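Peer 1: first piece of the complex, coordinates kept as in the full assembly:
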Amino acid sequence: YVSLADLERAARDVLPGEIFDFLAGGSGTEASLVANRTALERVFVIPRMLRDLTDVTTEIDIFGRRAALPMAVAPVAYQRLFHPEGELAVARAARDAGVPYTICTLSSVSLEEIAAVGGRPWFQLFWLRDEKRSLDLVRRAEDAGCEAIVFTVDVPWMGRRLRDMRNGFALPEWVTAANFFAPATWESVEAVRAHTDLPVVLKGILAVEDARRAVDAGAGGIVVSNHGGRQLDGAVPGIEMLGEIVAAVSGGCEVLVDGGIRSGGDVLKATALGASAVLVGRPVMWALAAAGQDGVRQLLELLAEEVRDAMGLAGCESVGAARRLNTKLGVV
Amino acid sequence: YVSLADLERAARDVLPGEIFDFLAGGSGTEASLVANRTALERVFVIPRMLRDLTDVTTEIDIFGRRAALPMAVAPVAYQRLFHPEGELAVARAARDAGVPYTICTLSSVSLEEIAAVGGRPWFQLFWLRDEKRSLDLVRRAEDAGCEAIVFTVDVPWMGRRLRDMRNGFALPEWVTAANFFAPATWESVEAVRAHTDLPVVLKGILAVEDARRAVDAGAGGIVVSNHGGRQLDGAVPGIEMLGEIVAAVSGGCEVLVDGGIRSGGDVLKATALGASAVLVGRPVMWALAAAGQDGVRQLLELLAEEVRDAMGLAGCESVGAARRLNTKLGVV
């Protein structure tokens, strides 16, 4: 595989159509799904030349741990839909690559099983029916050795995914929510913050004032995101809000971005716009579908080489240097 | 049906081509018809997160009455072209959904018949040959229980609809103007205002100074509109003027918009740009053609669910909150 797009073609060949559509799809007309790509494609980097590249490193420190790349695997529910080893295949590959893996509340293998793989597991939270049960998922994750709580804040309920409606998609019998909902509010955030000493990271922030309030609320991070175009159809891409958000928080929490990251050059763009790191979703699932654990490993190796290549071509010996790159908007 | 576009495909299957073209078409090169869609597609919403959604409501108060959604059925002439029950089918569905229905001067069923259906009927006025006759349509509508007079101000004469010219389109013998023209001026507006205590709503305003003068003239509302691209070919879309107009009137009348609204997400965009409410035209006729009254009911149910979904995903428990959302222009 020489690009992430080789993995999409391979996954489309193997997966049943309805499962590929569950993975690929967005809400509504898929305007936000398409815009994630449009927005990255319009961004051009202004590279620097003639800088020392003796010791180029793609490593970052985030939430108290070194990561090999400025990237983590996004939370994607129900990974046994894609391969029989599901979450465990992906988590093992992530661990071996040195990148954090986000364990989902709707994982198809229990969070404790996945955490036992090792590595840098984070845990993604959906707010449940009651405060007490939500907090017991958080405590389970903490007890299992997860390093951060990624509280998804863009899902008061799930968006309208028309592909899934048209296909009548449902989980096969052999895929379940192995860890076993209500709209979250700022009160819910405070309940979680008070319940754990782990960093709380709010995923699905797009308004500048929500980013500021996240810092004020004691978040350790945010993920600037439209949920891969799966929630509000017409929501702005995160990449379009990122520079404004980075300025507004002015170092008060880590600022991650996701949506449409499909290469190491896209990772460079995100960092040049101010991101601490990115999440990658769909491509990880394509690799899992195509070739299981070894597929995910190959994807992460490819991304690592693309990120190193882009950084050095742009004159950046470190991710911090990449954050200081300037950008220019173009057309098409 | 899971989107309004499913209803267009269904209506195209059933209607005779020349009738579909009367419905679908615009004037000239159809530049304004296309631009209505282009303009909405370029608008992205910046949603808010973590707000209380216990009691999300899509209701609004307008012209002294509660409406179930921030939407009314636009005036569309000659609805018996589309289904044999024509206006009565649509009016019954609108009533049962709690949304206002605009009775046309060129209705194919008499205004009194349609008003007798109940609901929240408004009445759309075309200025006639003489002041006295125009005013007698207005008084008829008022006597029949219509709640607002929607004075169409963008039709000194009808635009050049080339599809209709090419097809040699004419009304079938079995469709007539069941209520049975000259260019309206500001004097005409004053004559109507003096003749009725109902709110007068000027439909087809696009210039900012015309919006201000409408308020000064005692209008209770305006509809910011290029008449669905059927009048001046090259007229700006209403959605492109709306934010400027909302600012200029600064609460002095209700500001509605129409043209290309095709989803609850489009309704959210319009409200985020400052609209009090939208009108929907073509899609209502697609539903009527496809399945009569029950079709229109299904369309309104679908729109209601899309509007609620979009509002809540965007953090809005009320339409007023939606009006306070910010937006960003994108590409394609």
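Peer 2: Received, thanks. Residues are numbered from 1 along each chain as shown, chains lettered A, B, ... in the order given.
Peer 1: what about stretch A:284-293, distance to the chain center?
Peer 2: Stretch A:284-293 sits 16 Å away from the centroid of its parent chain (Cα atoms, centre = their mean, to the nearest Å).
Peer 1: make that stretch A:176-189, sorry
Peer 2: Counting by Cα atoms, centre = their mean, stretch A:176-189 is centred 18 Å from the centre of its parent chain.
Peer 1: quick one: contacts of it?
Peer 2: Residues outside stretch A:176-189 that contact it (Cβ atoms under 8 Å, 6 or more residues apart in numbering or on different chains) are A:78, A:105-111, A:113, A:126-131, A:134, A:137, A:140, A:151, A:153, A:156-157, A:200, A:202, A:213, A:217, A:219, B:50-53, B:312. Placement of C-beta: from N, CA and C, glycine included.
Peer 1: looking at those, which are in strands?
Peer 2: In strands, judged by DSSP state E, the following of these are found: A:151, A:200, A:202.
Peer 1: the second one and residue A:218 touch, don't they?
Peer 2: Yes: between residue A:200 and residue A:218 a contact is recorded at 7.1 Å, counting by Cβ atoms under 8 Å.
Peer 1: overlap in contacts of those two?
Peer 2: Listed as contacting both residue A:200 and residue A:218 by Cβ under 8 Å, 6+ apart are residue A:193.
Peer 1: looking at these two, which is more packed in?
Peer 2: Taking neighbours as other Cβ atoms under 10 Å in any protein chain shown, residue A:200 and residue A:218 compare with residue A:200 leading, 25 against 14.
Peer 1: show me what contacts that one?
Peer 2: Taking Cβ under 8 Å, 6+ apart as the criterion, residue A:200 is in contact with A:148-149, A:151, A:189, A:192-193, A:218-221.
Peer 1: quick one: which of those sit in helices?
Peer 2: Among the contacts of residue A:200, the residues falling in helices (DSSP state H) are A:189, A:192-193.
Peer 1: add one more, call it chain C:
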Amino acid sequence: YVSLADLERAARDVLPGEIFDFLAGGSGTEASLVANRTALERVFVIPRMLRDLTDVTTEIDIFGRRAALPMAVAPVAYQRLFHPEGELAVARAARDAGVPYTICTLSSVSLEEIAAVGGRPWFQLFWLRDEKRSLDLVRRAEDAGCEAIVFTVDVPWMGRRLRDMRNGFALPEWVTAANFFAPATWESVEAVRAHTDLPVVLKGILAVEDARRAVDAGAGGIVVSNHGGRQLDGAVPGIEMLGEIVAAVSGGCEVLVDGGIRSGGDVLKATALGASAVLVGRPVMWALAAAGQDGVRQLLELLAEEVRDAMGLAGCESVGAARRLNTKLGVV
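Peer 2: Same chains as before, plus chain C:
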């Protein structure tokens, strides 16, 4: 015919390909030819409503004569290429419609013959080999009753028309320059100005400072133009310079525009951007090819109806009112 585009299809059917390509083509990659259309299509008009349209008139006064429309027939060389009656057919139709016709230095019928048709003939000048001969064409035109000298200033030499090169195009033997060159300068302009009391109109101005210098030089008008994309490939469209030029001359001469005018709505756009009038080239030749004099008459009747329709839909009882319309740039 219900649009000017119906006439292009008709002309393409009848003309030999190499002649159609001589007519249709531009220089180079045809970027400026395409951009003339792109630029008009991006312009949207903000129409006004509720104004008195009792006496809508499309007439203007220009160069001391009333014209029926704010339009003249552009200079197009060698009109016998398109129809055997050539210039005389077009001139007769123009006369009968009340619009000026521009007689070309490279006309295929002598300027005196064409002037004898009557109407409002103008005369287009290419600068010759020597001052004395150039001035004798000007004096011939004046003696024949031409009303204005349209000095073409964008042709130091002819552009590179690749269609014509690829086709090996040459004039048939039966088409000649019936009135029978060097680069013009500002000195040439002064020589012409001193030689005639007719208004001198400089055609092919695009830089703002050239527009100002034209006024200072005693021009009675300019035509803001890239020569229909036939001269510099990459030259800005005139419509893109027009508003800036209108502001800079601040009423010191008439400011016409050409390039891509294909409807009465395009005429309205040009006037809203500040043009006194437009020239129309290719479409007049399409009508001539399709149906001779009667074709040109039908085209002018169609344009007159489109201009009246657009003006009134936009609330303009006069061309001066149209000049006061505002515009908004859109997309696609």
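Peer 1: quick check: the residue of chain A nearest chain C.
Peer 2: Proximity of chain A to chain C (Cβ to the nearest Cβ) peaks at residue A:331, 11.3 Å away.
Peer 1: residues in contact with that residue?
Peer 2: Residue A:331 makes contact with A:42, B:331, according to Cβ under 8 Å, 6+ apart.
Peer 1: count of neighbours near residue A:40?
Peer 2: Residue A:40 has 22 neighbours, counted by other Cβ under 10 Å.
Peer 1: which residues does the host helix or strand of it contact?
Peer 2: Applying DSSP states H and E as the criterion places residue A:40 in helix A:31-41. Helix A:31-41 has contacts (Cβ under 8 Å, 6+ apart) with A:25-26, A:226, A:228-240, A:259-262, A:266, A:269, A:332, B:41, B:44, B:265, B:330-332.
Peer 1: of those residues, select the buried ones using a ChimeraX command.
Peer 2: Buried members of those can be picked out in ChimeraX with the line below, counting by 16 or more other Cβ atoms under 10 Å in any protein chain shown:
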select /A:25,26,226,228,229,230,231,232,233,234,235,236,237,238,239,240,259,260,261,262,266,269 /B:41,44,265,330
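Peer 1: narrow the contacts of helix A:31-41 to those in helices?
Peer 2: A:238-240, A:266, A:269, B:41, B:265.
Peer 1: could you identify the most distant pair in the residues you listed?
Peer 2: A:269 and B:265 (27.0 Å; Cβ to Cβ).
Peer 1: show me the contacts for the residue located most distally from the centre of chain A.
Peer 2: Going by Cα atoms, centre = their mean, the residue of chain A most distant from its centre is residue A:50, 32.9 Å out. Shown in contact with residue A:50 (Cβ under 8 Å, 6+ apart): residue A:315.
Peer 1: please apply the same query to the one 5 residues further on.
Peer 2: Residues in contact with residue A:55, defined by Cβ under 8 Å, 6+ apart, are residue A:317.
Peer 1: following sequence is chain D, add it:
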Amino acid sequence: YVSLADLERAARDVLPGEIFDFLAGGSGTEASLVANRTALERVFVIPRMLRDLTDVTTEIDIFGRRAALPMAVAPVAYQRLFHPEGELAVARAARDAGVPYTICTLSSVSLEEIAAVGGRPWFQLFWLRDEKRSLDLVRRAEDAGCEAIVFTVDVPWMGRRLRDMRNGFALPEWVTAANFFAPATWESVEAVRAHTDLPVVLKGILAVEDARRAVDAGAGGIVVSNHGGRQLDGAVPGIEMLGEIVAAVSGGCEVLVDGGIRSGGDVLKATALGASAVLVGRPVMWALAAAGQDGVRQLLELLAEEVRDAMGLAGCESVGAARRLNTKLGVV
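Peer 2: Putting chain D together with the chains above:
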């Protein structure tokens, strides 16, 4: 041949696919390769009229020598891939046209052989393994009569050219680096500057501050360039940075540009944006592939005629006048 695009079609016919792909390709998704073209196509020139064109000249003085056109042949490695005479064919044609030819460090004929052709040879440097060897290539080039050292500064390592990866491309046995690497830094630049009295020209500058530092470092020139989209995928086109860079250096060194120059009109655009001169890469290789030396001669003759045509149509008797032209950005 009447455009440079006729030469691409001819080269595609003759070359083996993998060699055509080595020539045509870019890195990654080829976004920067495409953007070079997009960016030029969006630029429109505002031509001037009525200026004296008695003695139009396309000549410039650069690096102490007259050149016939504001253009040089870009460095392209391994020209024997394209034709058996390789570099010698191109160098002879360049010499006979009066335009500089850039001899590559990775030339397939030795630099001394190519320099012996005569003309205005420049020499392109890739930084080697050690300072001493790099400097001995520079001294070789100087001893052979090269006039400038074009130090390529955008290649710490070669970009990821996916076409070449997919094709498994390798040099045939009969093509070698006939003159026979590490990342260059600002120290490397100083070492070269101290070693030669020839002008040092830094090729691959895109950041404004890198342009300024180049002047401060004693460069005689820069080439504003993204390496034809072959290095960082997502790097801004040089043409998009050029105006800003020209302003920042404020005459302190020559400022060249490359990437996508495909006509004399593109040369005019570059000069209007402030370039001293352009480089042309791919098209020279197309001509070499199509017809060897005589092909390159025909290409240079065509470009010379296009540059003269564009300059004069734009009112420019000299390249300096062309630099004073203004431009406007358009769409598509």
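Peer 1: chain D added, so what about the neighbour count of residue A:40 now?
Peer 2: 24.
Peer 1: residues from chain A in reach of chain B?
Peer 2: Counting by Cβ under 8 Å from any Cβ of the partner chain, chain A comes close to chain B at A:28-29, A:31-32, A:34-35, A:38-39, A:42, A:153-154, A:156-157, A:159-160, A:162, A:165-166, A:183-186, A:188-189, A:202, A:204-207, A:210, A:231-237, A:240-241, A:331.
Peer 1: with only the CA atoms kept, save stretch A:202-214 in PDB.
Peer 2: Extracted in PDB, the C-alpha atoms of stretch A:202-214 (Å, rounded to 0.1, in the frame of the first residue of the first chain):
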ATOM      1  CA  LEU A 202     -14.300  16.900  24.900                       C
ATOM      2  CA  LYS A 203     -14.800  15.500  21.400                       C
ATOM      3  CA  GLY A 204     -17.000  17.300  19.000                       C
ATOM      4  CA  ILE A 205     -16.400  21.000  19.800                       C
ATOM      5  CA  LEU A 206     -16.800  23.400  16.900                       C
ATOM      6  CA  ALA A 207     -17.900  26.800  18.400                       C
ATOM      7  CA  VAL A 208     -15.100  29.000  19.700                       C
ATOM      8  CA  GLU A 209     -17.000  29.800  22.800                       C
ATOM      9  CA  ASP A 210     -17.500  26.100  23.500                       C
ATOM     10  CA  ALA A 211     -13.700  25.700  23.200                       C
ATOM     11  CA  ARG A 212     -13.200  28.400  25.700                       C
ATOM     12  CA  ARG A 213     -15.800  27.100  28.000                       C
ATOM     13  CA  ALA A 214     -14.200  23.600  27.800                       C
END
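Peer 1: next, the buried residues of it.
Peer 2: A:202-208, A:210-214.
Peer 1: repeat that for stretch A:320-332.
Peer 2: In terms of neighbour count (16+ other Cβ under 10 Å), stretch A:320-332 has its buried residues at A:321-323, A:325-328, A:330.
Peer 1: I am finished for the moment; much appreciated.
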